[PDB]
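Colleague: If it helps, the file is called protein_17.csv and holds CSV, N, CA and C atoms:
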chain,number,residue,atom,x,y,z
A,687,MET,N,0.8,-1.2,0.0
A,687,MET,CA,0.0,0.0,0.0
A,687,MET,C,0.9,1.2,0.0
A,688,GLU,N,1.2,1.7,-1.2
A,688,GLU,CA,2.1,2.9,-1.3
A,688,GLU,C,2.0,3.5,-2.7
A,689,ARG,N,2.7,4.6,-2.9
A,689,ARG,CA,2.8,5.2,-4.2
A,689,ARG,C,3.8,4.4,-5.1
A,690,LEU,N,3.2,3.5,-5.8
A,690,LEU,CA,4.0,2.5,-6.6
A,690,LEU,C,4.9,3.2,-7.6
A,691,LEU,N,4.5,4.3,-8.1
A,691,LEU,CA,5.3,5.1,-9.1
A,691,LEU,C,6.1,6.1,-8.3
A,692,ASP,N,5.5,6.7,-7.2
A,692,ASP,CA,6.2,7.7,-6.3
A,692,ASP,C,6.4,9.0,-7.0
A,693,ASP,N,7.3,9.0,-8.0
A,693,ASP,CA,7.6,10.2,-8.8
A,693,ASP,C,8.1,9.7,-10.2
A,694,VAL,N,7.3,8.9,-10.9
A,694,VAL,CA,7.7,8.4,-12.2
A,694,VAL,C,6.9,9.0,-13.3
A,695,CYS,N,7.6,9.5,-14.3
A,695,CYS,CA,7.0,10.1,-15.5
A,695,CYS,C,6.3,9.1,-16.4
A,696,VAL,N,5.0,9.1,-16.4
A,696,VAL,CA,4.2,8.2,-17.2
A,696,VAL,C,3.5,8.9,-18.4
A,697,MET,N,3.9,8.6,-19.6
A,697,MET,CA,3.3,9.2,-20.8
A,697,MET,C,2.0,8.4,-21.1
A,698,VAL,N,0.9,9.0,-20.8
A,698,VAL,CA,-0.4,8.4,-21.0
A,698,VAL,C,-1.2,9.1,-22.1
A,699,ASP,N,-1.2,8.4,-23.2
A,699,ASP,CA,-2.0,8.9,-24.4
A,699,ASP,C,-3.3,8.1,-24.5
A,700,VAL,N,-4.4,8.6,-24.0
A,700,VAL,CA,-5.6,7.9,-24.1
A,700,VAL,C,-6.6,8.7,-25.0
A,701,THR,N,-7.1,8.0,-26.0
A,701,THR,CA,-7.9,8.6,-27.0
A,701,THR,C,-9.3,9.0,-26.4
A,702,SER,N,-9.8,8.1,-25.6
A,702,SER,CA,-11.1,8.3,-24.9
A,702,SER,C,-10.9,9.3,-23.8
A,703,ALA,N,-11.4,10.5,-24.0
A,703,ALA,CA,-11.2,11.7,-23.1
A,703,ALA,C,-11.6,11.3,-21.7
A,704,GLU,N,-12.7,10.7,-21.5
A,704,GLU,CA,-13.2,10.3,-20.2
A,704,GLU,C,-12.3,9.3,-19.5
A,705,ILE,N,-11.9,8.3,-20.3
A,705,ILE,CA,-11.1,7.2,-19.7
A,705,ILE,C,-9.7,7.8,-19.3
A,706,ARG,N,-9.2,8.7,-20.1
A,706,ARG,CA,-8.0,9.4,-19.7
A,706,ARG,C,-8.1,10.1,-18.4
A,707,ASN,N,-9.2,10.7,-18.2
A,707,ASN,CA,-9.5,11.4,-16.9
A,707,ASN,C,-9.5,10.4,-15.7
A,708,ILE,N,-10.1,9.3,-16.0
A,708,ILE,CA,-10.2,8.2,-15.0
A,708,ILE,C,-8.8,7.7,-14.6
A,709,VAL,N,-8.1,7.2,-15.6
A,709,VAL,CA,-6.8,6.6,-15.4
A,709,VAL,C,-5.8,7.6,-14.8
A,710,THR,N,-5.9,8.9,-15.2
A,710,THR,CA,-5.1,10.0,-14.6
A,710,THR,C,-5.2,10.0,-13.1
A,711,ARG,N,-6.4,10.0,-12.6
A,711,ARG,CA,-6.7,10.0,-11.2
A,711,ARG,C,-6.0,8.8,-10.5
A,712,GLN,N,-6.0,7.7,-11.2
A,712,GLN,CA,-5.4,6.5,-10.7
A,712,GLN,C,-3.9,6.6,-10.6
A,713,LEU,N,-3.2,6.9,-11.7
A,713,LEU,CA,-1.8,7.1,-11.8
A,713,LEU,C,-1.3,8.1,-10.8
A,714,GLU,N,-2.0,9.2,-10.7
A,714,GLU,CA,-1.6,10.3,-9.9
A,714,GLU,C,-1.6,9.9,-8.4
A,715,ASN,N,-2.6,9.0,-8.1
A,715,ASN,CA,-2.6,8.5,-6.7
A,715,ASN,C,-1.3,7.7,-6.4
A,716,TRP,N,-0.8,7.1,-7.5
A,716,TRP,CA,0.4,6.3,-7.4
A,716,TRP,C,1.7,7.2,-7.5
A,717,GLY,N,1.5,8.4,-7.8
A,717,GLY,CA,2.7,9.3,-8.0
A,717,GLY,C,3.3,9.2,-9.4
A,718,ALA,N,2.4,9.2,-10.4
A,718,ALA,CA,2.9,9.2,-11.8
A,718,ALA,C,2.5,10.5,-12.5
A,719,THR,N,3.6,11.1,-13.1
A,719,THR,CA,3.4,12.3,-13.8
A,719,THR,C,2.8,12.0,-15.2
A,720,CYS,N,1.5,12.2,-15.4
A,720,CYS,CA,0.9,12.0,-16.6
A,720,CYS,C,1.3,13.0,-17.7
A,721,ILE,N,2.1,12.6,-18.6
A,721,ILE,CA,2.6,13.5,-19.6
A,721,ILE,C,2.0,13.2,-21.0
A,722,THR,N,1.9,14.2,-21.9
A,722,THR,CA,1.4,14.0,-23.2
A,722,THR,C,2.6,13.5,-24.1
A,723,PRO,N,2.3,12.7,-25.1
A,723,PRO,CA,3.3,12.3,-26.1
A,723,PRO,C,3.6,13.3,-27.1
A,724,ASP,N,4.1,14.5,-26.6
A,724,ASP,CA,4.4,15.7,-27.5
A,724,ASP,C,3.1,16.1,-28.2
A,725,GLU,N,3.3,16.6,-29.5
A,725,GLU,CA,2.2,17.0,-30.3
A,725,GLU,C,2.4,16.6,-31.7
A,726,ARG,N,3.7,16.7,-32.2
A,726,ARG,CA,4.0,16.4,-33.6
A,726,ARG,C,5.0,15.2,-33.6
A,727,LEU,N,5.7,15.0,-32.5
A,727,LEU,CA,6.7,14.0,-32.5
A,727,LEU,C,6.1,12.6,-32.4
A,728,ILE,N,6.9,11.6,-32.6
A,728,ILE,CA,6.4,10.2,-32.6
A,728,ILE,C,6.3,9.7,-31.1
A,729,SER,N,7.3,10.1,-30.3
A,729,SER,CA,7.3,9.8,-28.9
A,729,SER,C,8.2,10.8,-28.2
A,730,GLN,N,8.1,10.8,-26.8
A,730,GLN,CA,8.9,11.7,-26.0
A,730,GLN,C,9.6,10.9,-24.9
A,731,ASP,N,10.4,11.5,-24.1
A,731,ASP,CA,11.0,10.8,-23.0
A,731,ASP,C,10.1,10.6,-21.8
A,732,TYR,N,10.0,9.3,-21.4
A,732,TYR,CA,9.2,8.9,-20.3
A,732,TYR,C,9.8,7.7,-19.6
A,733,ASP,N,9.1,7.2,-18.5
A,733,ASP,CA,9.6,6.0,-17.9
A,733,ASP,C,8.6,4.8,-18.3
A,734,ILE,N,7.3,5.0,-18.0
A,734,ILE,CA,6.3,4.1,-18.4
A,734,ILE,C,5.3,4.7,-19.4
A,735,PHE,N,5.0,3.9,-20.4
A,735,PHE,CA,4.0,4.4,-21.4
A,735,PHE,C,2.6,3.7,-21.2
A,736,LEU,N,1.6,4.5,-21.3
A,736,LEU,CA,0.2,4.0,-21.2
A,736,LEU,C,-0.6,4.6,-22.3
A,737,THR,N,-1.5,3.8,-22.9
A,737,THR,CA,-2.3,4.2,-24.0
A,737,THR,C,-3.7,3.5,-23.9
A,738,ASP,N,-4.7,4.1,-24.6
A,738,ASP,CA,-6.0,3.5,-24.7
A,738,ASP,C,-6.2,2.9,-26.0
A,739,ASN,N,-6.7,1.6,-26.1
A,739,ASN,CA,-6.9,0.9,-27.3
A,739,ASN,C,-5.5,0.5,-27.9
A,740,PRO,N,-5.5,-0.7,-28.5
A,740,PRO,CA,-4.2,-1.2,-29.1
A,740,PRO,C,-3.6,-0.4,-30.2
A,741,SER,N,-4.5,0.2,-31.0
A,741,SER,CA,-4.0,1.0,-32.1
A,741,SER,C,-3.3,2.2,-31.8
A,742,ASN,N,-3.4,2.7,-30.5
A,742,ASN,CA,-2.8,3.9,-30.1
A,742,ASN,C,-1.3,3.7,-29.6
A,743,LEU,N,-1.0,2.4,-29.4
A,743,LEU,CA,0.4,2.1,-29.0
A,743,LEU,C,1.4,2.4,-30.0
A,744,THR,N,2.3,3.4,-29.7
A,744,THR,CA,3.4,3.8,-30.6
A,744,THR,C,4.4,2.7,-30.8
A,745,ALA,N,4.6,1.9,-29.8
A,745,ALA,CA,5.7,0.8,-29.8
A,745,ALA,C,5.3,-0.3,-28.8
A,746,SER,N,5.5,0.1,-27.5
A,746,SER,CA,5.3,-0.9,-26.5
A,746,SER,C,4.8,-0.1,-25.2
A,747,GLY,N,4.2,-0.9,-24.3
A,747,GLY,CA,3.8,-0.2,-23.0
A,747,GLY,C,2.5,-0.9,-22.5
A,748,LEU,N,1.7,-0.1,-21.7
A,748,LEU,CA,0.5,-0.6,-21.2
A,748,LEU,C,-0.7,-0.1,-22.0
A,749,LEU,N,-1.5,-1.0,-22.4
A,749,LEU,CA,-2.7,-0.6,-23.2
A,749,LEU,C,-4.0,-0.9,-22.3
A,750,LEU,N,-4.8,0.1,-22.3
A,750,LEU,CA,-6.0,0.0,-21.5
A,750,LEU,C,-7.2,-0.6,-22.3
A,751,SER,N,-7.7,-1.7,-21.7
A,751,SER,CA,-8.8,-2.4,-22.3
A,751,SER,C,-10.1,-2.2,-21.5
A,752,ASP,N,-11.1,-1.5,-22.0
A,752,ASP,CA,-12.3,-1.4,-21.3
A,752,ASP,C,-13.1,-2.7,-21.3
A,753,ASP,N,-12.6,-3.6,-22.1
A,753,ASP,CA,-13.2,-4.9,-22.3
A,753,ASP,C,-12.5,-5.9,-21.4
A,754,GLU,N,-11.6,-5.5,-20.6
A,754,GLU,CA,-10.8,-6.3,-19.7
A,754,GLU,C,-11.4,-6.3,-18.3
A,755,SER,N,-11.2,-7.4,-17.6
A,755,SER,CA,-11.5,-7.4,-16.2
A,755,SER,C,-10.3,-7.5,-15.3
A,756,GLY,N,-9.1,-7.6,-15.9
A,756,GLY,CA,-7.9,-7.7,-15.2
A,756,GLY,C,-6.7,-7.2,-16.0
A,757,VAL,N,-5.6,-7.9,-16.0
A,757,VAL,CA,-4.4,-7.6,-16.7
A,757,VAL,C,-3.8,-8.8,-17.4
A,758,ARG,N,-3.7,-8.8,-18.8
A,758,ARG,CA,-3.2,-9.9,-19.5
A,758,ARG,C,-2.1,-9.5,-20.5
A,759,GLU,N,-1.3,-10.4,-20.9
A,759,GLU,CA,-0.2,-10.1,-21.9
A,759,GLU,C,-0.6,-10.7,-23.2
A,760,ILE,N,-0.5,-9.9,-24.3
A,760,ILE,CA,-0.9,-10.4,-25.6
A,760,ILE,C,0.3,-10.4,-26.6
A,761,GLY,N,1.5,-10.2,-26.0
A,761,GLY,CA,2.7,-10.2,-26.8
A,761,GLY,C,3.8,-9.4,-26.1
A,762,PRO,N,5.0,-9.4,-26.6
A,762,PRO,CA,6.1,-8.7,-26.0
A,762,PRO,C,5.9,-7.2,-26.0
A,763,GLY,N,5.9,-6.6,-24.8
A,763,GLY,CA,5.7,-5.2,-24.7
A,763,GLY,C,4.2,-4.8,-24.9
A,764,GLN,N,3.3,-5.7,-24.9
A,764,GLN,CA,1.9,-5.5,-25.1
A,764,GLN,C,1.1,-6.1,-24.0
A,765,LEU,N,0.4,-5.3,-23.2
A,765,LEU,CA,-0.4,-5.8,-22.1
A,765,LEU,C,-1.7,-5.1,-22.0
A,766,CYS,N,-2.8,-5.8,-22.1
A,766,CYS,CA,-4.1,-5.2,-22.0
A,766,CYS,C,-4.5,-5.2,-20.5
A,767,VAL,N,-4.7,-4.1,-19.9
A,767,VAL,CA,-5.1,-3.9,-18.5
A,767,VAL,C,-6.3,-3.1,-18.4
A,768,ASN,N,-7.2,-3.5,-17.5
A,768,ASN,CA,-8.5,-2.7,-17.3
A,768,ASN,C,-8.2,-1.6,-16.3
A,769,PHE,N,-9.0,-0.5,-16.4
A,769,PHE,CA,-8.8,0.7,-15.6
A,769,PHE,C,-9.7,0.6,-14.4
A,770,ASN,N,-10.8,-0.2,-14.5
A,770,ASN,CA,-11.8,-0.3,-13.4
A,770,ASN,C,-11.1,-0.9,-12.1
A,771,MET,N,-10.3,-2.0,-12.3
A,771,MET,CA,-9.7,-2.6,-11.2
A,771,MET,C,-8.2,-2.1,-11.0
A,772,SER,N,-8.1,-1.2,-10.1
A,772,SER,CA,-6.8,-0.5,-9.9
A,772,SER,C,-5.7,-1.5,-9.4
A,773,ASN,N,-6.2,-2.6,-8.7
A,773,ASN,CA,-5.3,-3.7,-8.3
A,773,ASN,C,-4.6,-4.4,-9.5
A,774,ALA,N,-5.4,-4.5,-10.6
A,774,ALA,CA,-4.9,-5.1,-11.8
A,774,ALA,C,-3.9,-4.2,-12.4
A,775,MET,N,-4.2,-2.9,-12.5
A,775,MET,CA,-3.3,-2.0,-13.1
A,775,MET,C,-2.0,-1.9,-12.2
A,776,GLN,N,-2.1,-2.2,-10.9
A,776,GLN,CA,-1.0,-2.2,-10.0
A,776,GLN,C,0.0,-3.2,-10.5
A,777,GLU,N,-0.5,-4.4,-10.7
A,777,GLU,CA,0.4,-5.5,-11.2
A,777,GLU,C,1.1,-5.1,-12.5
A,778,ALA,N,0.3,-4.5,-13.4
A,778,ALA,CA,0.7,-4.1,-14.7
A,778,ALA,C,1.8,-3.1,-14.6
A,779,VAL,N,1.7,-2.1,-13.7
A,779,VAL,CA,2.7,-1.1,-13.5
A,779,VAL,C,4.0,-1.7,-13.0
A,780,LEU,N,3.9,-2.6,-12.0
A,780,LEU,CA,5.1,-3.2,-11.4
A,780,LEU,C,5.8,-4.1,-12.5
A,781,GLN,N,5.0,-4.8,-13.3
A,781,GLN,CA,5.6,-5.7,-14.3
A,781,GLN,C,6.3,-4.9,-15.4
A,782,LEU,N,5.6,-3.8,-15.8
A,782,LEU,CA,6.1,-2.9,-16.8
A,782,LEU,C,7.4,-2.3,-16.4
A,783,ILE,N,7.5,-1.7,-15.2
A,783,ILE,CA,8.7,-1.0,-14.8
A,783,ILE,C,9.9,-2.0,-14.6
A,784,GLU,N,9.6,-3.3,-14.3
A,784,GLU,CA,10.6,-4.3,-14.1
A,784,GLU,C,11.1,-4.8,-15.5
A,785,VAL,N,10.2,-5.1,-16.4
A,785,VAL,CA,10.6,-5.6,-17.7
A,785,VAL,C,11.3,-4.6,-18.5
A,786,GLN,N,11.0,-3.3,-18.3
A,786,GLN,CA,11.6,-2.2,-18.9
A,786,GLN,C,13.0,-2.0,-18.4
A,787,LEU,N,13.2,-2.2,-17.1
A,787,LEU,CA,14.5,-2.0,-16.5
A,787,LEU,C,15.4,-3.2,-16.9
A,788,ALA,N,14.8,-4.3,-17.1
A,788,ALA,CA,15.6,-5.5,-17.5
A,788,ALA,C,15.9,-5.4,-19.0
A,789,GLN,N,14.9,-5.3,-19.8
A,789,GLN,CA,15.1,-5.2,-21.2
A,789,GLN,C,14.8,-3.7,-21.7
A,790,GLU,N,15.7,-2.8,-21.4
A,790,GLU,CA,15.6,-1.4,-21.8
A,790,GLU,C,15.6,-1.3,-23.3
A,791,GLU,N,16.6,-1.9,-23.9
A,791,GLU,CA,16.7,-1.9,-25.4
A,791,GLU,C,17.3,-3.2,-25.9
A,792,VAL,N,16.4,-3.8,-26.7
A,792,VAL,CA,16.8,-5.0,-27.4
A,792,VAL,C,16.6,-4.9,-28.9
A,793,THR,N,17.6,-4.6,-29.6
A,793,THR,CA,17.5,-4.3,-31.0
A,793,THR,C,17.3,-5.6,-31.9
A,794,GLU,N,16.2,-6.3,-31.6
A,794,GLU,CA,15.9,-7.5,-32.3
A,794,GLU,C,15.3,-7.2,-33.7
A,795,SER,N,15.3,-5.9,-34.1
A,795,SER,CA,14.9,-5.5,-35.4
A,795,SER,C,16.0,-5.8,-36.4
A,796,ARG,N,16.0,-6.9,-37.1
A,796,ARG,CA,17.0,-7.3,-37.9
A,796,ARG,C,16.8,-6.8,-39.4
A,797,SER,N,17.8,-6.2,-39.9
A,797,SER,CA,17.8,-5.7,-41.3
A,797,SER,C,19.0,-6.2,-42.1
For this file, write the structure as structure tokens.

Modeller:
Amino acid sequence: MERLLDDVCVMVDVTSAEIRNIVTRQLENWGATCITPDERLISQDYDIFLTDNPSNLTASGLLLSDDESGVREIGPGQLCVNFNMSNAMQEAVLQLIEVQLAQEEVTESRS
């Protein structure tokens, strides 16, 4: 029972205006600085990325699923987490920060 983020910059780009407001309240309680993904850039500097709907994910991070009741992984760097259950988002945050710290950059993009 603590501020899981404490003072962590979280870039949260949620298309659904209302859902963004909801999740913002949640992250802010955890001590997450909800930042915008710039305006014209592809991405900006952050610690954890959050987005609404899979199509909004610029690369990897946490995707909010209103159709979810928990937190599930659908691929590397892709996790569908529901915003209704903050306990589930809690696990998602912890897993995200850990996997990001472990695999910060893996250039598996072969050309």

Colleague: Please report the interatomic distance between atom CA of residue A:756 and atom CA of residue A:775 in Å with one decimal.

Modeller: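 Taking atom CA of residue A:756 as the start and atom CA of residue A:775 as the end point, the length is 7.6 Å.
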
Colleague: By how many Å are atom CA of residue A:772 and atom CA of residue A:723 apart?

Modeller: 23.0 Å

Colleague: I'd like the contact shell of stretch 779-794 of chain A - 8 Å cut-off, all atoms listed in the file, skipping same-chain residues fewer than 3 positions apart - returned as JSON, numbers by chain.

Modeller: {"A": [690, 691, 733, 734, 735, 747, 748, 773, 774, 775, 776, 797]}

Colleague: Have a look at atom N of residue A:745 and atom C of residue A:705 and let me know their distance in Å, one decimal.

Modeller: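 Between atom N of residue A:745 and atom C of residue A:705 the gap is 18.7 Å.
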
Colleague: List the neighbours of residue A:754 out to 6.5 Å using only N, CA and C atoms; skip same-chain residues closer than 6 positions along the sequence, and give me the result as a count of residues only.

Modeller: 3

Colleague: Mind checking DSSP for stretch 715-755 of chain A and telling me the helix (DSSP H, G or I) residues as a list in words?

Modeller: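 Filtering stretch 715-755 of chain A to helix (DSSP H, G or I) leaves residues 715, 716, 740, 741 and 742 of chain A.
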
Colleague: Find the residue from A:704, A:688, A:750, A:763 that sits nearest to residue A:736; use only N, CA and C atoms when measuring.

Modeller: A:750

Colleague: If I put a ball of radius 10 Å at (-7.7, 5.5, -15.0) in the file's coordinates, which residues poke into it when counting only C-alpha atoms, written as a ChimeraX atom specification?

Modeller: /A:698,700,704-714,750,768-772,775

Colleague: Taking the chain letters and numbering used in this document, name the residues of stretch 734-784 of chain A that DSSP puts in strand (DSSP E or B), as a ChimeraX atom specification.

Modeller: /A:734-738,747-750,757-761,764-767

Colleague: With a distance cut-off of 8 Å and only N, CA and C atoms, select the neighbouring residues of residue A:742, excluding the residue or stretch itself and same-chain residues fewer than 4 positions from it, and output the selection as a list in words.

Modeller: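 Surrounding residues, per the criterion: residues 699, 700, 701, 736, 737, 738, 746 and 749 of chain A.
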